[PDB]
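Order of appearance sets the numbers: ligands from 1, and atoms from 1 within every ligand. We name chains A, B, ... by the order of the sequence lines, and we start the count at 1 in each one.
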There are 2 protein chains.
Amino acid sequence: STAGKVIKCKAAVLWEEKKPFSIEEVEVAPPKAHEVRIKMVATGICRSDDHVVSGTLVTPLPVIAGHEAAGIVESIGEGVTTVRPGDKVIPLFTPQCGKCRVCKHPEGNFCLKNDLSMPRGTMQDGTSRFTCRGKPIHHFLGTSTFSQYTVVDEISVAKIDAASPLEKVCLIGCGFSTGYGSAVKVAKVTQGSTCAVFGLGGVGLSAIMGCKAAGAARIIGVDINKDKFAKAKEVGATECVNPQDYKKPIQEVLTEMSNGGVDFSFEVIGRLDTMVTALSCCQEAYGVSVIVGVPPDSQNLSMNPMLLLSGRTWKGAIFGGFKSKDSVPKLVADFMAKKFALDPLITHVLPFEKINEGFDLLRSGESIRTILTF
Amino acid sequence: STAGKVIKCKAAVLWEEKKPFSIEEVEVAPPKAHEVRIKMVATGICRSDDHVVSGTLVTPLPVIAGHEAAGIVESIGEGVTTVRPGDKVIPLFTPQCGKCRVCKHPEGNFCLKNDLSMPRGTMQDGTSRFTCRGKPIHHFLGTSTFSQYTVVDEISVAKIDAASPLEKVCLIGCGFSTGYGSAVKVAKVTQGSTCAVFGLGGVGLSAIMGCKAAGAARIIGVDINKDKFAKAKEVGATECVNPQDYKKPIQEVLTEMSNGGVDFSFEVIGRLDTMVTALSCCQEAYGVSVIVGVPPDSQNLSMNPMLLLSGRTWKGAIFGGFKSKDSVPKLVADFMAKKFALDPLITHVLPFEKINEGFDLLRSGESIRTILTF
Ligand SMILES: NC(=O)c1ccc[n+]([C@@H]2O[C@H](COP(=O)([O-])OP(=O)([O-])OC[C@H]3O[C@@H](n4cnc5c(N)[nH+]cnc54)[C@H](O)[C@@H]3O)[C@@H](O)[C@H]2O)c1
Ligand SMILES: NC(=O)c1ccc[n+]([C@@H]2O[C@H](COP(=O)([O-])OP(=O)([O-])OC[C@H]3O[C@@H](n4cnc5c(N)[nH+]cnc54)[C@H](O)[C@@H]3O)[C@@H](O)[C@H]2O)c1
Ligand SMILES: OCc1c(F)c(F)c(F)c(F)c1F
Ligand SMILES: OCc1c(F)c(F)c(F)c(F)c1F
Ligand SMILES: [Zn+2]
Ligand SMILES: [Zn+2]
Ligand SMILES: [Zn+2]
Ligand SMILES: [Zn+2]
């Protein structure tokens, strides 16, 4: 048995920014009280993982990244009550402690135990379960899914359906649930409305899916890579526009196309300029814009508050506004019942050992989601 | 009889920025089709009128300002159906045409016929009804209430209760309805919540009134002028804070006071810095901040969009989000039914001839609302 013992396994360690991951042996400590050690089965490559490499997102290095994944519980620490060895689980990069003011609020999901706002790169107890070359290695968002085995706090894992296909439902751990929730829960897109989605990667595709599910009459996809347009239309976009095709700023184009501004817009890229453009393109009196993209570290946007004074609503969200631990199992159940599709997001499959090729695919513009198999 | 004739009357003309109003004779043309000429009874001095004087707001000069008022219909043009000679009325600085996409939208009030966004300083037909010393004088927001008589478009006037005391209900034309609606309708303050109101003038006080009416448990007033605090507590503030008393930024103070951020905040001043502070002080996952204040023309703020990504909502509104022509008569009816009070807002009552003295009372920090009586 491996229970109570250190596990030696392979992980993808990031030693330095702007460098390939190093696939090499790490030591994974056994779970402490209220901790869960998970044998990973599949993990997706999300742009936020790439932000760690690029320094768009600052988190302590060296690190084991990865936050969109699914696996099987190997062992549980003392006091764990919500999962058992052998359960299928999704790590929760946004925890749900159930006890803080946000967890208790009907509309909050950004649990105060998160490691996103001011990342420490640790477990909840401020220590690391990972050693590599005798050196401690940081965690990422409490999940660190780029490893054959990880350890997570109990508040950062959800039990899911035992019959779930883990190579698909890993996307519920980030990109799908984020985009879909951003539309259905955060924006509360309405029947017959006009939507604009900026960025047609896995998360923006998922936002399109949610807009369509909510009954939007028009869904305008916006991307500078026209190769993204065919799949955006397959999942519900009614039209697609490339800002590079136009002499005028795209907020003006979108305001014209929507006869005075869109009902709902979504920034699903991570640029300061598109955040302001996306706000501006929604109708000035009653439009809603949602920021989903992750901006470059420590940078401020500039905007005219008259955009808001007229009536616009501007909001953002992590993980589609979903209370993570309550929502993930339900989302998996709904997937199993064919209430939404995940295959449109999966463009490439690779073994974990080819993680760097997976990142190359994302950076080239070729992929949506590459799913890595352990 | 004056109907169908030019009226020569007294008005307060603003010939140039940063100068006193000139109280002198103007000529007021009769109303054209779908226009209403009103004998003014009382008008309030709103900070937004002062913004015209100071250059904070840009609108064509020379102008007859004034937008918070009440009077009695003198005559109607052909085709008017919603008011008759002798009716008590409130001019609507945000029109309600009833036909545009905003007017048709359940949550929109910033009617596309407004003269706020891109001011022309005319009637709807692009002409002026005012002359002074042989020169055409601009209108302001379709209202121009600093005159013994004005002419407004029908879509910019509401009939109110014939028994209304005009010297009080004129506040429903701007400051009361703006503050109150910002709380009750735009923010949708909840029972038991904690609110922070930045700026304790007439509009901020009315926002306090709304927060209290909505059942807030804590209402923190914020102002640099501690002389404003006693009246803020009278109308519902549970605590008041002066940023100048603290070594730390007031967003930090308010976050500490509210054990991690407020539920609802309101910027009711008109400064870029306080708009950002107000957003920051609301709880990062589920807080809502509403911009009410009018900032200096053409200036952008800077902010970190992580404030929004965590879950905050940022919005603004004109006129408390109220559909103007539907709402004004109901607000007056509610006042007559003792559902809210207006007297706490009124600190001074002066003849119209003392308009400049009224503006000096506002600028010196000594008044809340001065009501000018014709
Ligand atoms: N809020 C959350 O909880 C959350 C979750 C998941 C992802 N993210 C972020 O969301 C963003 C999208 O993630 P993803 O879908 O995995 O990334 P992605 O697959 O890189 O998709 C982004 C898309 O944006 C397009 N794009 C780039 N620049 C522009 C431009 N100027 N105008 C229009 N399109 C442009 C680009 O071509 C690509 O198709 C990233 O910033 C992520 O970090 C946030
Ligand atoms: N959105 C709308 O429809 C609408 C309607 C009415 C008024 N307004 C605007 O709302 C604002 C308030 O109007 P008002 O109540 O008539 O003005 P006011 O009576 O001048 O009140 C403003 C208050 O802000 C206080 N103040 C000034 N600087 C600061 C600071 N740095 N920190 C905290 N407090 C400060 C000041 O002492 C005063 O009590 C103005 O900008 C108006 O133009 C907007
Ligand atoms: O993709 C999800 C995701 C985010 F939305 C973040 F804001 C973040 F900081 C991060 F590390 C992350 F992985
Ligand atoms: O006080 C109400 C009011 C506003 F909210 C404005 F945005 C504005 F431009 C204006 F002239 C005005 F009077
Ligand atoms: Zn929590
Ligand atoms: Zn992600
Ligand atoms: Zn209208
Ligand atoms: Zn006003």
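With A:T43 as reference, A:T145 is the one residue of A:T150, A:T143, A:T145 to meet the side-chain hydrogen bond (donor to acceptor under 3.5 Å, both in side chains) rule.
Nearest protein heavy-atom neighbour of atom 43 (O) of ligand 2: B:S48 OG, 2.7 Å. Scanning the protein for heavy atoms near atom 15 (O) of ligand 2, the closest one is B:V203 N, 3.0 Å. Nearest non-hydrogen protein atom to atom 16 (O) of ligand 2 is B:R369 NH1, 2.8 Å. In terms of protein heavy-atom proximity, atom 2 (C) of ligand 2 is closest to B:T178 CG2, 3.5 Å. Regarding atom 44 (C) of ligand 2, its nearest protein heavy-atom neighbour is B:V292 O, 3.0 Å. For atom 19 (O) of ligand 2, the nearest protein heavy atom (residue, atom name, distance) is B:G201 CA, 3.4 Å. Ranking protein heavy atoms by distance to atom 35 (C) of ligand 2, first place goes to B:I269 CD1, 3.6 Å. Of all protein heavy atoms, the one closest to atom 12 (C) of ligand 2 is B:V268 O, 3.3 Å.
The B:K228 neighbourhood of ligand 2 comprises atoms 39 (O), with distances under 4.0 Å to a heavy atom of that residue. Ligand-side atoms of ligand 2 in range of B:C174: 5 (C), 6 (C), range being under 4.0 angstrom from any heavy atom. Within ligand 2, counting atoms from 1 as listed, the ones closer than 4.0 Å to a heavy atom of B:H51 are 40 (C), 41 (O), 42 (C), 43 (O). Within the listing of ligand 2, atoms 9 (C), 10 (O), 11 (C), 41 (O) sit less than 4.0 angstrom from a heavy atom of B:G293. Atom numbering of ligand 2 starts at 1 in the shown order; those under 4.0 Å from a heavy atom of B:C46 are 6 (C), 7 (C).
Closest heavy-atom approach to atom 17 (O) of ligand 2 within the set B:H67, B:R363, B:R47: this belongs to B:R47.
Here's the thing with B:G199: none of its N/O atoms is less than 3.5 angstrom from an N/O atom of ligand 2. For ligand 2, none of its N or O atoms has an N or O atom of B:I368 under 3.5 Å away. The distance criterion of under 3.5 Å between nitrogen or oxygen atoms is not met by B:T274 with respect to ligand 2. The shortest N or O to N or O distance between B:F319 and ligand 2 is under 3.5 Å. The shortest N or O to N or O distance between B:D223 and ligand 2 is below 3.5 Å. Considering backbone and side-chain N/O atoms, B:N225 never comes within less than 3.5 Å of an N/O atom of ligand 2.
Checking side-chain atoms of B:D297 against main-chain N and O of B:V58 turns up no donor-acceptor pair under 3.5 Å. Looking at B:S156, its side chain never comes within 3.5 Å of a backbone N or O of B:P95 through a donor-acceptor pair. Panel note: side chain B:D223, backbone B:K228; no donor-acceptor pair is recorded below 3.5 Å. Under the 3.5 Å distance criterion, the side-chain polar atoms of B:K185 are left unmatched by any main-chain donor or acceptor of B:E107. A donor-acceptor contact shorter than 3.5 Å is absent between the side chain of B:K325 and the backbone of B:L92.
Rounded to 10°, the angle that SG of B:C100 and SG of B:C111 form at the Zn ion (ligand 7) is 120°. Angle SG (A:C174) to the Zn ion (ligand 6) to NE2 (A:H67): 110°, rounded to 10°.
Two residues are said to be in side-chain contact when any heavy atoms from C-beta on lie closer than 4.5 Å; B:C211 and B:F266 meet this criterion. The shortest side-chain heavy-atom distance between B:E154 and B:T81 falls under the 4.5 Å cut-off. Proximity of B:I219 to B:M209: side-chain heavy atoms (C-beta onward) are nowhere separated by under 4.5 Å. In this structure, A:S147 and A:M40 have side chains that are not in contact, with every pair of non-hydrogen atoms separated by 4.5 Å or more. The side-chain heavy atoms of A:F110 and B:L309, taken from C-beta on, include no pair separated by under 4.5 Å. Under the 4.5 Å side-chain criterion, counting only non-hydrogen atoms from C-beta, A:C170 is not in contact with A:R369.
The closest approach between B:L362 and ligand 2 falls below 4.0 Å for a heavy atom of the residue. Contact between B:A317 and ligand 2 is present, with at least one heavy atom of the residue lying under 4.0 Å from the ligand. Residue-ligand proximity: B:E68 is placed with every non-hydrogen atom at 4.0 Å or more from ligand 2. Within the 4.0 Å heavy-atom shell around ligand 2 one finds B:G202. Heavy atoms of B:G175 come nearer than 4.0 angstrom to ligand 2 in no pair at all. The shell of residues lying under 4.0 angstrom from ligand 2, judged by heavy atoms, excludes B:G365.
Using a 30° and 60° split on the angle between ring planes, A:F140 and A:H67 fall in the perpendicular class, above 60°. Ring geometry for A:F21 versus A:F359: interplanar angle of 30 to 60°, hence tilted.
Of the inter-residue distances, the one linking B:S280 atom OG with B:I250 atom CD1 reads 12.5 Å to the nearest 0.5 angstrom.
Looking only at atom types and distance, the side chain of B:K231 has no donor-acceptor partner in the side chain of B:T347 under 3.5 Å away.
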